[PDB]
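Beneath this line is the structure, given in structure tokens, with notes to follow.
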Amino acid sequence: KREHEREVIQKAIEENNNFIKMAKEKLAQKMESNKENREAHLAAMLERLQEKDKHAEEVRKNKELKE
Amino acid sequence: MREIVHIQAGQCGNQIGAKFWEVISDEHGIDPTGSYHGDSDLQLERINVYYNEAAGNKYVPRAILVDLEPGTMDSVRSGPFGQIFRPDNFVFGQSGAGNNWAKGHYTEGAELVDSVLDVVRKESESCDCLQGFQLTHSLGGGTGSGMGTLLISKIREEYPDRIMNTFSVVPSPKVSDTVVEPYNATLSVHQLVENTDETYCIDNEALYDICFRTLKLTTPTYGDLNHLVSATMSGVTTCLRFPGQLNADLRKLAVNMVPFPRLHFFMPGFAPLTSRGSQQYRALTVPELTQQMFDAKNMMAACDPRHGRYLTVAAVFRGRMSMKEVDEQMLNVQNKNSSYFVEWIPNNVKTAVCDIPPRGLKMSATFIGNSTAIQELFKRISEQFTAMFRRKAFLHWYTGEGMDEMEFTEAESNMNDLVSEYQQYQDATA
Ligand SMILES: CC[C@@H](C)[C@@H](NC(=O)[C@@H]1CCCCN1C)C(=O)N(C)[C@H](C[C@@H](OC(C)=O)c1nc(C(=O)N[C@@H](Cc2ccccc2)C[C@@H](C)C(=O)O)cs1)C(C)C
Ligand SMILES: Nc1nc2c(ncn2[C@@H]2O[C@H](COP(=O)(O)OP(=O)(O)O)[C@@H](O)[C@H]2O)c(=O)[nH]1
Ligand SMILES: [Mg+2]
């Protein structure tokens, strides 16, 4: 009985520790995955816009290439 | 003489315990300071059973007060008798067990129990011939229930050859609406069946019906309930506290009352039933005491005695009266009802008379019965338990403290087996 009493409080502690650990883990994966998604979505928006600059030099070059 | 150590645990345990100390202190002419002021020496002969003798001619109850919360103990410290208890004998924690047996038995109760055990040890060591232990507590809360049964288990380990005795208050939905009380009670009963020698079942349902139906109290309080409890406790410990022949110590009591080790749960009874203050002008006759104390309406456990059989019965009459008449009236009760008494334990009713009546009465009688009808109380707890357990309702409060369901299935099984053992003996013939 006394060894069992010890296991029980041990199990309590363990399950509580494990609840915290899992929550920390799930929180951190969600944060970094949200950070990546948001970076990508902004990288792509800016490069689309960069491609507008390439195309606008290309339209002006083509103009001055007319004699 | 042979010393008894008293432990009271939790709100209920400490309320009924305090109340016991008040009552027997007055029966022995010991006043709140520890000073004797009575006029008989019957009062002092066996005082050492319950009181240590301090220098200055003072009596200190041999009593340990335990709870996981401070509440009821500030309250007892400042009761009428509060100043009587030894102060390092109050053992208390801070957070309370929230009506959770797992907390009482395994997690918070775990923390405090070594401090209790040290006080118990200290009280033991200074005893010439320790008879054993008695505990007051309820089964439906968390401290009295889960911690109190943890204590019993630890005391049994250090003192395997002393008698362990409890006064166990059984929960009822007439008194309490806390939903998990059948869980705490079933877990507790499981412990009690293994680790006690005698258990007096005080059933909250019985006390409430007595108060309502008979004492005509439309709104009973706990104080009303506890008044019936303390009369009873005084009654059942008479033989231990006064000179006499029958059941004069815990072990003699257990050998007269317990034919099989598991069936050690008793129905106490009492006459006359009274409410606090309100007045007792007419003494009962020996025939009235006798009919009343065996009345189902006088039992502190809500069982119907005609539904079972008495294995053994101890009866105690108090106040000055005719022993001859006690004797005819007792014989008359058994002869007129012989079929409620198992033929295979001959002469299973024992009777004591003590000359000193209880405060405010010229005479009373106390009954202690080991009846198979006590199965009814266990059946009621079991039905409440199973309705919840079959859906695992409210279990998360228990597993959140580390318990496993298995522990619940075992308690339930042990209790179902208890009930069927009583049934086996109700039907056994000779
Ligand atoms: C708000 C309603 C509760 C008061 C009440 N009702 C119920 O609990 C519900 C209500 C609806 C569903 C089914 N029933 C069970 C109740 O009467 N209860 C809990 C009492 C107990 C309760 O009653 C009253 C009227 O106060 C309490 N009694 C005391 C009490 O005795 N306190 C004494 C001190 C004391 C003693 C022991 C424990 C705590 C406090 C103080 C004095 C005046 C006395 O001795 O009578 C405190 S709470 C009985 C069923 C036993
Ligand atoms: N008869 C009686 N029953 C009580 C008293 N106090 C609490 N109870 C009952 O005991 C159960 C709760 O136990 P309690 O002792 O308060 O909890 P603990 O402090 O965790 O042991 C419920 O059934 C209550 O109705 C009391 O003073 N007298
Ligand atoms: Mg409490």
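The figures here come from the full heavy-atom set of this structure, side chains too, leaving out hydrogens, waters and symmetry mates. Protein chains get the first letters and strands the later ones, always in sequence-line order, with residue 1 at the start of each.
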* B/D404/A/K11 under salt bridge (charged side-chain N to carboxylate O under 4.0 Å, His left out): CA gap, chis, key distance, verdict -> CA-CA 10 Å; B/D404 193 84; A/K11 177 182 189 207; 3.7 Å; yes
* To do: Might you work through the salt bridge (charged side-chain N to carboxylate O under 4.0 Å, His left out) test for A/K61 and A/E64, ending with a clear yes or no?
  => CA-CA 5 Å; A/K61 184 31 137 272; A/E64 90 177 340; 3.5 Å; yes
* To do: Given side-chain contact (heavy atoms from CB on, under 4.5 Å), test B/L418 with B/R262 step by step and report yes or no.
  => CA-CA 7 Å; B/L418 181 77; B/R262 286 159 61 83; 4.0 Å; yes
* **Step-by-step side-chain contact (heavy atoms from CB on, under 4.5 Å) determination, B/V419 to B/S382** => CA-CA 9 Å; B/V419 159; B/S382 183; 5.8 Å; no
* Asked: Please walk me through it: do B/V189 and B/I381 pass side-chain contact (heavy atoms from CB on, under 4.5 Å)?
  -> CA-CA 10 Å; B/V189 160; B/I381 304 307; 5.9 Å; no
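Scanning residues 98-115 of chain B against chain A with a 4.5 Å heavy-atom cutoff picks out B/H105, B/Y106, B/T107, ordered by number. Identified by a heavy-atom distance below 4.5 Å to chain A, the contributing residues of residues 131-160 of chain B are B/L150, B/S153, B/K154, B/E157, in residue-number order.
Aromatic rings of B/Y183 and B/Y398 (six-membered ring for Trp) have centroids within the 6.0 Å cut-off, being under it. Not less than 6.0 angstrom separates the ring centroid of B/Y422 from the ring centroid of B/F265.
The closest donor-acceptor contact from the side chain of B/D197 to the backbone of B/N165 lies at 3.5 Å or more, if one exists at all.
For A/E15, the part lying near chain B is the side chain, with the backbone staying farther off; criterion is any non-hydrogen pair under 4.5 Å. Looking at A/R6, there are no atoms closer than 4.5 Å to chain B (heavy atoms on both sides), in backbone or side chain.
Residues B/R62 and B/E3 meet the side-chain proximity criterion, which asks for heavy atoms closer than 4.5 Å.
Of the residues considered (A/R2, A/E14, A/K1, A/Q10), A/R2 shows the highest number of contacts with chain B, using heavy-atom pairs under 4.5 Å.
A distance of 8.0 Å separates CG in B/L395 from CE in B/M403, rounded to the nearest 0.5 Å.
At a threshold of 4.0 Å, the pair A/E32-A/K35 does not count as salt-bridged, since none of the basic side-chain nitrogens sits closer than that to a carboxylate oxygen.
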